[PDB]
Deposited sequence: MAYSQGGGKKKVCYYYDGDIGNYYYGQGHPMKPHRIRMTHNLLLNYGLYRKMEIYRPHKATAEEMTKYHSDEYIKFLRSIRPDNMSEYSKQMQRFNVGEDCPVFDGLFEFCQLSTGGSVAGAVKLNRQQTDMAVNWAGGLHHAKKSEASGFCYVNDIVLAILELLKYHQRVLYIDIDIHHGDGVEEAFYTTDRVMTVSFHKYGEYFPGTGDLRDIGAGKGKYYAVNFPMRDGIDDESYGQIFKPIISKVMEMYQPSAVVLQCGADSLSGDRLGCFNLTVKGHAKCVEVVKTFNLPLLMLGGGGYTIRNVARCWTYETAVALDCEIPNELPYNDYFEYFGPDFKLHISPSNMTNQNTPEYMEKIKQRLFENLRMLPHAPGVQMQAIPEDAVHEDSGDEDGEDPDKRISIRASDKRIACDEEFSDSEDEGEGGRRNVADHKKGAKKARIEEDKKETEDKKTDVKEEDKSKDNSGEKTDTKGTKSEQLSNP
């Protein structure tokens, strides 16, 4: 009943970040491969993303930063020595062959999904994108171009109110900073706080100026289980929808939240993770699904395939199909994964207090 448009480029997993870097782009292809073998690819509309132009991509990022990204090459690195020390590129963001091509491929699908704002579809699934750390001044984390900001800005052309729901472990400070002042975009992120990578999202900070009571951040502790995660996510998202009435929702489904993640301290299962998509699909609003932080390719592929299947409103067996990447899958060779028994520091009183504080903050939102 919902037209699902799937965006993926064939030659997008050939952008290796170098040896030892957790960010593996080829995981996206892995997901696509499963979508070919599970049989759900037939039911979905598959598009080929187009490389976004530099002029179109610099609608948010500065022209100098875009020119720097275009001119950076691994061979021409000796000349570009003083530029890498000010753009946070070289150590946190390694330089690899075809970096600008990878950025264009990631941005194209996200922009096309947002463009098709044209009331021509209902769900747009693009696992190529999801970069939520590229700041305007310079890159940060493992991201280079913040395609999420570009997609949200493109959606702002037609839609009035845009909601950005982030479920990645990291705060995604780039998206919040991009729309911190403006009240056109409301961003709600469920992240891990406390000597972690972002170190920015906290209960005490909200959008400055006109963005007051908009940037809702939910701090968490390690080892939060699926039941508490759902019982927290559902009421807050329901209250936000009732008090903000977004025209469209840009749902970002980071794969760090799954159990056993290389750079994740949470303990979640596939259903516990992708129940948020089920909850948000019940509001009957245009929806955009994007990729993001994923470093356990075996779990990332399964989570993304389950999310796409539940977006299709179909069901798939736990037995994974005999795909090309069926070799390094787990000995059970099953889709769903059993969470590892880890202590949950998220005491019910703490979650209740945070929920009450966020409800009080949302009550002050103008209506």
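Gaps between the deposited sequence and the modelled structure occur at positions 1 to 8, 125, 377 to 488.
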